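Listed below are the residues making up each chain.
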Amino acid sequence: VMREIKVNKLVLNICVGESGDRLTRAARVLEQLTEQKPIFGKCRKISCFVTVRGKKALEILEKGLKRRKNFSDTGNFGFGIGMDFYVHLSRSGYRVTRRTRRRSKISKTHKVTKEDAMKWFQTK
Amino acid sequence: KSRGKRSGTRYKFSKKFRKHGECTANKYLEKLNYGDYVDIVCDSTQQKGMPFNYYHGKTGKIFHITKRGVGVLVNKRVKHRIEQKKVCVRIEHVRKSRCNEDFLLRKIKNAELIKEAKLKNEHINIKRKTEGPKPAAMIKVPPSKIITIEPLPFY
Amino acid sequence: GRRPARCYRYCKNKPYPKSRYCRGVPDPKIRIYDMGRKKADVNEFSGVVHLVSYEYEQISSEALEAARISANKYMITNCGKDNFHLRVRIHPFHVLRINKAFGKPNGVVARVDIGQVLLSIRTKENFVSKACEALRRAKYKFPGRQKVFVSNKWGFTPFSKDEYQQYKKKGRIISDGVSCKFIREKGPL
Amino acid sequence: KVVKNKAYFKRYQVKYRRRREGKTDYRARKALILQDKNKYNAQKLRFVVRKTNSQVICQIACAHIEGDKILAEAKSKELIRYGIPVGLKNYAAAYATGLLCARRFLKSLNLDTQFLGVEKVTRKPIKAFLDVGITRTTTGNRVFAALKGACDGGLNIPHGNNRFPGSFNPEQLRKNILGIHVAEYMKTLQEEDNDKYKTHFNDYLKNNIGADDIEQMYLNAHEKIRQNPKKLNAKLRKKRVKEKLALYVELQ
RNA sequence: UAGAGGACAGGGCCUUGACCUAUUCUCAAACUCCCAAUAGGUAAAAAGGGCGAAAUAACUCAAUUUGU
RNA sequence: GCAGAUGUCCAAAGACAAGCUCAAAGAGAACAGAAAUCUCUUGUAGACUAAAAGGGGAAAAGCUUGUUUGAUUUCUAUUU
RNA sequence: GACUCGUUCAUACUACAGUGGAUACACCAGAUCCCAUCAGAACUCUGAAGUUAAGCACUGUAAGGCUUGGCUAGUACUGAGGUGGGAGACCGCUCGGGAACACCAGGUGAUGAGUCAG
Ligand SMILES: [Mg+2]
Ligand SMILES: [Mg+2]
Ligand SMILES: [Mg+2]
Ligand SMILES: [Mg+2]
Ligand SMILES: [Mg+2]
Ligand SMILES: [Mg+2]
Ligand SMILES: [Mg+2]
């Protein structure tokens, strides 16, 4: 009931070269796709990305869709197109990990896993 | 050649194993007065107020208290003569010494004893009697429970 | 090529190993350490002779190597190549130095104690005499007073023979190669 | 490699309990607590405000070597008694709670007549310092409402005005403490998406608290406040272990 | 320093490895979970200490007396 | 004696607060590979902290961000 | 039964399980307003439809760790003594002090102030 397996966060990702206006173009494209302002990723400025939640994210995923492998051991997954989509799945109460106050660890049985993720995918 | 303010301190000021972190927030509530004896135990997690290498472990009378400081009169042996050194420290390093409190407890107990004595007029000997020789006793041991001993052969 | 070895006999100087504060130090001559059927099981070899130094001395790497060689060749000559296992249970870390001011590094030495062992052979209970002989031969190539010393143990494993047998009988002791691990009734299931 | 080795565990220094739990700062806390060591016997009262999910908790705490000592304490769920039901995490509610706590403290002291403080909404005062503890202080925070409430009561809580809503805009602050923002929101909800509105302010609806009345209710509440405040040992474990082994044997 | 037990890279299910897991041999002046002996420091009461009152202060406190 | 370092560098690499967690490893995701960026899990610091080496440092002392000039004037008690 | 501030800062940790939620914590519902971002994820604000699934609490595990104890061991080392031994290296004795790792056994918390519910 609370152990449903929502999509926590979808992250569209465009790695491109080294910021020669192509990056700007990519960013623009991303913006057009999804109503978020994009954010830039730095050298260790090479790449753009956007994080999306909720209905919008779901919609994006659905359109994006147009493998056993491309799921992680931790029960996320991704796929590519030019873009890379990475979907990060969770259950309710994921907040306990990430809040400021009494931040804690999620139990193993409540982490999503590969099989569960696969099942979820099959369902939607 | 190299006598800097933190030399020979690889271990003096190293925080002990599984006691890194910082000074606990309850250590700042230790009440100090002009006359309290006080250990100086350099918590090197605070770098302000770090008293010199030598005063680590050495106790002293508090002669001055400040916002977050404590001046401590500590003796230093200097060749031919001990001298008073006014070590100005933060509170993080100064810990309240316990020697004085042993004495204090004894004093308290002694007062009570004195009062009791007076109640009845008796010559009670207060002063701590040191470990003298043991008095005569007659120790019952069964012959069953007396395990005879010989030296051991070599192996 | 080298010094007498009476030069570097006693353990004056603190230990002084290959590290950040040494660098340009040549390799030990001894590289092999253990030889002859090193891969044997624990149950194979019961007989175990030690060669114990009764001396706080140093022992050149070269000397050690020589001793090892002596042990091996003799064993080969006498019993089979795969009827024994000769551990050298001491390693040369402390480096020596030479002047020609502070010395520059020159050879490594394997400092020892009054209690501890140099060489250990582990062979079948038949060939223990041969092993003993080998060890005594080797001894002629260390400095100081060593003593060949046949052990009550099973073979590098720290149990007496009888004890080991008992353990085997009630299955409390897993054999690896050489080492054996003793089950303690401790972990999870 | 497995990161969580035996070795790792051996090494591992456990945090302080509270820090591990995730409740106290310690860095902040020590600063808050220690006052000048030449001011001996000066207690230093901290005003703790906690914003729990469905309450606010306002305590006056003292600090001692053995443990803290709470002098006065008010939780937002007392406000039911004072004629304010529902909206207990509300900025207004927080303010009220703060005020209540202050009042309680004053009563405890036996010093309520001298310190009236700001009568209604716009000797040296008894001093205390805000322990916001862990919630970040953004402008328009709810702890600041509580602080304001306390101030309006007796307490000198030294504060800058940067963190009251819209900052310094006093009108906004006033609105917030009345509940007027909440009322506005309610009105807006009513205007568009009525089902949603119904779903949302369910408790309020049940109470029969319309928009207009909320401010009045809050005022009344304020007035009221002003007026008056099991384990198994070794053997058992061994037995258990034995039993499991037996069962395993049986299975085999 | 050795094997033992395991689940990524090359050749024609096997071998060579590296990597994990539990072991094992031996080590440190410029390594340390731990840690002696010896050496060191302070304390063991009358110019003082107790438990009290009343004064004094421009300090301190919310408290002409909250304490110092 | 041994292993080294110093004659500097810094309007931030100073000050304060806020937020955040680092190395590494793993499993993933178009081009993308042993390496790009992204995501998650594990992560007592194995990173980083101007420059030796050593101490210290995890809601920080690190990283990012905001605001600044206390890198200010005067004087003591002092420590080395 | 729960909560807030704490104290000691692993007997308090971690991993994998099991059990529990009247009130409470929590997750969870939403974005007008203060606020906060790439992102209402966080932070903030306003909620109360659900849920113990996680957090939290509690208990388990021939659990790892941690911690008391024994045992290692009067072993190692050592202060003082020696016209003692030994060619030396080093090793006994006399008066004293005296470890560590490992191993084995037990334990896995205790608690100050205040509040809340019945
Ligand atoms: Mg010659
Ligand atoms: Mg020398
Ligand atoms: Mg050793
Ligand atoms: Mg050493
Ligand atoms: Mg900070
Ligand atoms: Mg449950
Ligand atoms: Mg255990």
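Residues numbered from 1 in each chain as written, not as in the entry; some residues may be left out. Chains lettered and ligands numbered in written order. Part of a larger assembly, values for the part shown. Heavy atoms only, no water. Residues with missing side-chain atoms left out of burial classes, pairs and counts.

- The PDB entry lists chain C under the name 60S ribosomal protein uL16, with Plasmodium falciparum given as the organism.
- Each PDB entry has a title, and for this one the record gives "Cryo-EM structure of the Plasmodium falciparum 80S ribosome bound to the anti-protozoan drug emetine, large subunit".
- What UniProt states about chain C under its Sequence similarities (unreviewed entry) heading is, verbatim, "Belongs to the universal ribosomal protein uL16 family." (UniProt positions renumbered as here; feature names shortened; annotations may be inferred.)

- Labelled according to the PDB entry, chain B appears under the name 60S ribosomal protein eL21, originating from Plasmodium falciparum.
- In the Sequence similarities (unreviewed entry) part of its UniProt record, chain B is described as follows: "Belongs to the eukaryotic ribosomal protein eL21 family."

**Quick notes on the overall build of chain C**
Reasoning step 1: When helices and strands are counted, chain C shows 3 helices and 11 strands.
Reasoning step 2: Dimensions of chain C, computed from the C-alpha atoms along their principal axes, are close to 65 × 45 × 25 Å.
Reasoning step 3: In chain C, which comprises 189 residues, the proportion classed as buried is 42%.
Reasoning step 4: In the form shown here, chain C has an accessible surface area of approximately 11,300 Å², with 51% of it arising from carbon and sulfur atoms.
Reasoning step 5: Charge-centre separation for chain C: the mean point of 41 positive side chains lies 7 Å from the mean point of 16 negative side chains. (Helix = DSSP H or I, 4+ residues; strand = E, 2+ residues; numbered from the N terminus. Buried < 20%, exposed > 50% of the residue type's maximum accessible area, 1.4 Å probe, protein only. Areas by Shrake-Rupley, 256 points an atom, 1.4 Å probe, with all protein chains shown as cover. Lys, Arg positive; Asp, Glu negative; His and termini not counted. Charge placed at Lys NZ, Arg CZ, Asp CG, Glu CD.)

**Here we look at a positive patch on the surface**
Reasoning step 1: Taken together, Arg 98 and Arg 103 of chain A together with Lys 15 and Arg 19 of chain D make up a surface patch of like positive charges.
Reasoning step 2: Positionally, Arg 103 of chain A belongs in the loop between α3 (95-98) and α4 (114-123). (Patch = residues over 30% accessible without salt bridge, like charges linked within 9 Å, V, L, I, M, F, W, Y side chains within 5 Å. Salt bridge = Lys/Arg side-chain N within 4 Å of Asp/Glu carboxyl O.)

**Considerations on the interface of chain D and chain B**
Reasoning step 1: Contacts between the two partners involve 20 residues from chain D and, on the opposite side, 22 residues from chain B.
Reasoning step 2: Carbon and sulfur atoms make up 52% of the area that chain D and chain B hide from each other, which totals about 2,000 Å².
Reasoning step 3: Summed over the three residues of chain D that lose the most area to chain B, namely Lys 30, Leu 34 and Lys 37 of chain D, the buried surface amounts to 34% of that side.
Reasoning step 4: Across the chain D-chain B interface, the total number found is 3 salt bridges.
Reasoning step 5: Looking at the side of chain D that touches chain B, the elements that each hand over two or more residues are α1 (6-11) and α3 (27-33) of chain D.
Reasoning step 6: The biggest single contributor to the side of chain D that touches chain B is α3 of chain D, with 4 residues.
Reasoning step 7: Among the residues making up the side of chain D that touches chain B, the classes are represented as 8 nonpolar, 5 polar and 7 charged. (Contact = heavy atoms within 4.5 Å. Buried area = accessible area lost by both parts, 1.4 Å probe. Nonpolar A, V, L, I, M, F, W, Y, C, P; charged D, E, K, R; others polar.)

**A few points about the packing of helix α1 (residues 61-78) of chain C against helix α2 (residues 128-139) of chain C**
Residues and elements named next belong to chain C.
Reasoning step 1: Relative orientation of the contacting elements α1 and α2 amounts to 150°, with a least axis distance of 8 Å. Compared by their axis directions, α1 and α2 come out roughly antiparallel. The element α1 and its partner α2 pack so that their crossing is right-handed. In this structure, α1 uses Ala 67, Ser 70, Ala 71, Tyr 74, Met 75 and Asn 78 to contact α2, whose residues at the interface are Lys 130, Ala 131, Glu 133, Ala 134, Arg 137 and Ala 138. (Axes fitted to C-alpha atoms, helices over the stretch in contact; angles between N-to-C directions. Parallel < 35°, antiparallel > 145°, perpendicular 65-115°, else oblique. Left-handed = near helix turned anticlockwise from the far one by under 90°.)

**Looking at the sheet that holds strand β1 (residues 10-15) of chain A**
Residue and element names in this part refer to chain A.
Reasoning step 1: If you trace the 5 strands from one edge of the open sheet to the other, you get β2-β3-β1-β5-β4, paired in antiparallel fashion. Each edge of the sheet is formed by a strand with only one pairing partner; in this case those strands are β2 (39-41) and β4 (78-80). Each neighbouring strand pair of the sheet contributes to a mean axis angle of 25°, computed without reference to strand direction.
Reasoning step 2: One ladder, built from 3 bridges, connects β1 with strand β5 (residues 84-86); its direction is antiparallel. Among the inter-strand pairings, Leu 12 is bridged to a residue of β5, identified as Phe 85.
Reasoning step 3: Packed on one face of the sheet, helix α1 (residues 22-33) meets β1, β2 and β3 (47-52) and runs near 15° to β3.
Reasoning step 4: Relative to β1, helix α2 (residues 54-65) is tilted by about 55°, and along the sheet it contacts β1, β3, β4 and β5. (Pairing = 2+ DSSP bridges.)

**What about the protein's contact with RNA strand E?**
Reasoning step 1: Taken together, 46 residues surround RNA strand E, and among them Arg 10 and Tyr 11 of chain B, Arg 89 and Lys 181 of chain C together with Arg 123 of chain D come closest.
Reasoning step 2: When atoms of RNA strand E within 4 Å of the protein are split into backbone and base, the sugar-phosphate part holds 75%.
Reasoning step 3: Between a phosphate oxygen of RNA strand E and a side-chain N or O atom of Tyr 11 of chain B, the distance comes to 2.3 Å.
Reasoning step 4: Between RNA strand E and the protein, one listed contact pairs a sugar or linking oxygen with a side-chain N or O atom of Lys 181 of chain C at 2.8 Å.
Reasoning step 5: With 5 residues, the top contributor of residues to the surface near RNA strand E is helix α1 (residues 99-120) of chain B.
Reasoning step 6: When the residues that make up the surface near RNA strand E are grouped by side-chain class, the tally is 18 nonpolar, 9 polar and 19 charged. (Near = heavy atom within 4 Å. Polar contact = N/O pair within 3.5 Å; in protein donor to acceptor, adjacent residues only side chain to side chain.)

**Concerning the arrangement of the chains**
Reasoning step 1: There are 3 pairs of chains in contact here, and the one with the most contacts is chains B and D.
Reasoning step 2: At the level of C-alpha atoms, the two units chain A and chain B stay apart, their nearest approach being 20 Å.
Reasoning step 3: No interface is formed between chain A and chain C, the nearest pair of C-alpha atoms being 19 Å apart.

**Overview of the environment of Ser 129 of chain C**
Residues and elements named next belong to chain C.
Reasoning step 1: Mapping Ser 129 onto the fold places it in helix α2.
Reasoning step 2: Residue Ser 129 is classed as exposed on the basis of its relative accessible area, which comes to 54%.
Reasoning step 3: On a C-alpha basis, the gap between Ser 129 and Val 148 in space is 11 Å, while along the polypeptide they are 19 residues apart.

**Looking at a negative patch on the surface**
All names here are of chain D.
Reasoning step 1: A cluster of acidic side chains, namely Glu 191, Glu 192, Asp 193 and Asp 195, defines a negative patch on the protein surface.
Reasoning step 2: Following the sequence through the fold, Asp 195 ends up in helix α8 (residues 194-200).
Reasoning step 3: The class of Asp 195 is exposed, set by a relative accessible area of 58%.

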